[PDB]
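Chains as they are written, first to last, in the authors' numbering: chain E, 1 to 11; chain B, 1 to 52, 52A to 52C, 53 to 82, 82A to 82C, 83 to 96, 101 to 126, 136 to 214; chain A, 1 to 27, 27A to 27E, 28 to 213.
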């Protein structure tokens, strides 16, 4: 989850 | 600012279906994960469904509660999110919000699941330094109503009480307190909208 | 699934003083990036939730400096350092570390203010309703503090409890008082069988009930 969120949120 | 606005709520019978949606403005909708979160007395705030982006092949996620019953979808070209809600039970009653995690919520759209019939309210004037007036909004179903005074002009000094449910009908009252120097000598009017029945009524408080 | 635990209420807070709202999670919300993915929202009466704090202690844009927050990975506290009347509402915690997203049950902020007796007003059934064969008698007990209050209905001297329904408002965002309506619902015939109607309000602000009356035939 967090890996996906962090990637998403940085973009 | 960013604005999230839901629509499509109303009443349906148990075992039936509803389809609600929200439009998001003020940002590029297609670039955001989007979710539905509902609110009810028994379960409080409850996330139910979520959808990612085109680049994620529109991956969807569901709370166990609604798996098999709900389908979330998005139309990026319309900046619109949808929730198709099937095989509903009374516990699916609640206010449904679009939530853009973790920053933005809509105003909510109300969904009632019941076999009881939609009934508009009867609206009755409550006439008697400061003077307190009111209206009695009796025997409607489902929630909600919206009550205003003087088309929303009169806002301060107002108490609209929570409804009570009895025998599948709701009742509430609203009071307004104003200067005696202001009434009956300019008028005070209660306005009552009931979205489920598509009705709006005004009642002038007269001596 | 993560359980987010909040008490339904807090100790009433005097205006201008500090309120603390707590939350705990069943799993640590600290991530390996050093961020603790704990969020606070406020839901005011009649409104949706709105974001106050993100990542444990960071204020969302436009949120007043009156608000602050800290915590461990599992135990968190929102502080409203100088409470204002408009801050009444329910404050929710949420995590952002996995799905399903979960929220705490919400803590309602109650403002403590100076005791205030109710303003009592009584209303007979309207003519319009009487045309229909029911008769609702309405009494407002308005703008009192604290919330605890009793109403009594007396008809021609006799207490009536059957057919009475009471509704309290949320704490007022301006004056930090409560209001209550008491509605007595009768059949037209039963209403017409009696002439003198009284609503009596008993509040801690006096040993004397506050009495309001009307007569059906006037």
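We treat Cβ as the ideally placed atom computed from N, Cα and C, and that holds for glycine.
Which class does residue i belong to by DSSP, given the choice of helix, strand or coil?
{"i": "residue 177(B)", "result": "strand"}
{"i": "residue 114(B)", "result": "coil"}
{"i": "residue 49(B)", "result": "strand"}
{"i": "residue 61(B)", "result": "helix"}
{"i": "residue 212(A)", "result": "coil"}
{"i": "residue 157(B)", "result": "helix"}
{"i": "residue 210(B)", "result": "strand"}
{"i": "residue 25(A)", "result": "strand"}
{"i": "residue 201(A)", "result": "coil"}
{"i": "residue 39(A)", "result": "coil"}
{"i": "residue 207(A)", "result": "strand"}
{"i": "residue 204(B)", "result": "helix"}
{"i": "residue 30(B)", "result": "helix"}
Around the C-beta of residue i, are 16 or more other C-beta atoms found within 10 angstroms, so that it is buried, or is it exposed?
{"i": "residue 122(B)", "result": "buried"}
{"i": "residue 18(B)", "result": "buried"}
{"i": "residue 21(B)", "result": "buried"}
{"i": "residue 38(B)", "result": "buried"}
{"i": "residue 82(B)", "result": "buried"}
{"i": "residue 182(A)", "result": "exposed"}
{"i": "residue 81(A)", "result": "exposed"}
{"i": "residue 64(B)", "result": "exposed"}
{"i": "residue 71(B)", "result": "buried"}
{"i": "residue 153(A)", "result": "exposed"}
{"i": "residue 55(B)", "result": "exposed"}
{"i": "residue 28(B)", "result": "exposed"}
{"i": "residue 16(A)", "result": "exposed"}
{"i": "residue 137(B)", "result": "exposed"}
{"i": "residue 166(A)", "result": "buried"}
{"i": "residue 216(A)", "result": "Limits of chain A in this structure are 1 at one end and 213 at the other, which puts residue 216(A) out of reach."}
{"i": "residue 32(B)", "result": "buried"}
{"i": "residue 216(B)", "result": "The structure shown has nothing for residue 216(B), since chain B only spans 1 to 214."}
{"i": "residue 11(E)", "result": "exposed"}
{"i": "residue 171(A)", "result": "buried"}
{"i": "residue 144(B)", "result": "buried"}
{"i": "residue 180(A)", "result": "buried"}
{"i": "residue 89(A)", "result": "buried"}
{"i": "residue 138(A)", "result": "buried"}
{"i": "residue 164(A)", "result": "buried"}
{"i": "residue 53(A)", "result": "exposed"}
At which residues does the beta strand (DSSP E) containing residue i begin and terminate?
{"i": "residue 11(B)", "result": "10–12"}
{"i": "residue 82(B)", "result": "77–82"}
{"i": "residue 166(B)", "result": "165–167"}
{"i": "residue 87(B)", "result": "First-last for residue 87(B): undefined, no H or E at that position."}
{"i": "residue 137(B)", "result": "137–147"}
{"i": "residue 201(B)", "result": "196–201"}
{"i": "residue 3(B)", "result": "3–7"}
{"i": "residue 6(A)", "result": "Premise fails: residue 6(A) is in no beta strand (DSSP E) and is neither H nor E."}
{"i": "residue 123(B)", "result": "120–124"}
{"i": "residue 37(B)", "result": "34–40"}
{"i": "residue 189(B)", "result": "Segment: none, residue 189(B) is in no beta strand (DSSP E) and carries neither H nor E."}
{"i": "residue 55(B)", "result": "Unbroken run through residue 55(B): none, as it is neither H nor E."}
{"i": "residue 44(A)", "result": "44–49"}
{"i": "residue 145(A)", "result": "145–150"}
{"i": "residue 67(B)", "result": "67–72"}
{"i": "residue 154(A)", "result": "153–155"}
{"i": "residue 19(B)", "result": "18–25"}
Would you grab the beta carbon distance between residue i and residue j for me? Rounded to a whole angstrom, and I think it's under 8 Å.
{"i": "residue 149(B)", "j": "residue 199(B)", "result": "That pair is no contact at about 15 Å."}
{"i": "residue 213(A)", "j": "residue 206(A)", "result": "About 17 Å; that fails the 8 Å criterion."}
{"i": "residue 184(B)", "j": "residue 164(B)", "result": "4 Å"}
{"i": "residue 136(A)", "j": "residue 162(A)", "result": "The pair is not a contact, with the Cβ atoms about 11 Å apart (cut-off 8 Å)."}
{"i": "residue 1(A)", "j": "residue 95(A)", "result": "6 Å"}
{"i": "residue 153(B)", "j": "residue 112(B)", "result": "With a Cβ gap of about 20 Å, residue 153(B) and residue 112(B) do not count as contacting."}
{"i": "residue 37(A)", "j": "residue 86(A)", "result": "5 Å"}
{"i": "residue 155(B)", "j": "residue 11(B)", "result": "Contact flag wrong, Cβ pair sits at about 23 Å."}
{"i": "residue 27A(A)", "j": "residue 68(A)", "result": "3 Å"}
{"i": "residue 209(A)", "j": "residue 119(A)", "result": "5 Å"}
In terms of residue numbering, what span does the alpha helix (DSSP H) encompassing residue i cover?
{"i": "residue 4(E)", "result": "2–10"}
Closer than 8 Å by beta-carbon distance: list the chain C residues that pair up with residue i, in chain order.
{"i": "residue 33(B)", "result": "Absent here is chain C; the protein component of the structure consists of chains E, B and A."}
*asked:* Going residue by residue through the segment 58–128 of chain A, where are the continuous beta strand (DSSP E) segments of at least 3 residues, counting only ones entirely within it?
replied: The beta strand (DSSP E) runs lying completely inside the segment 58–128 of chain A and spanning 3 residues or more are 62–66, 70–75, 85–90 and 114–118, given in chain order.
*Could you give the uninterrupted runs of the beta strand (DSSP E) lying entirely in the segment 163–197 of chain A, keeping only those of 3 residues or more?*
Counting whole runs of 3 or more residues, the segment 163–197 of chain A contains the beta strand (DSSP E) stretches 173–182 and 191–197.
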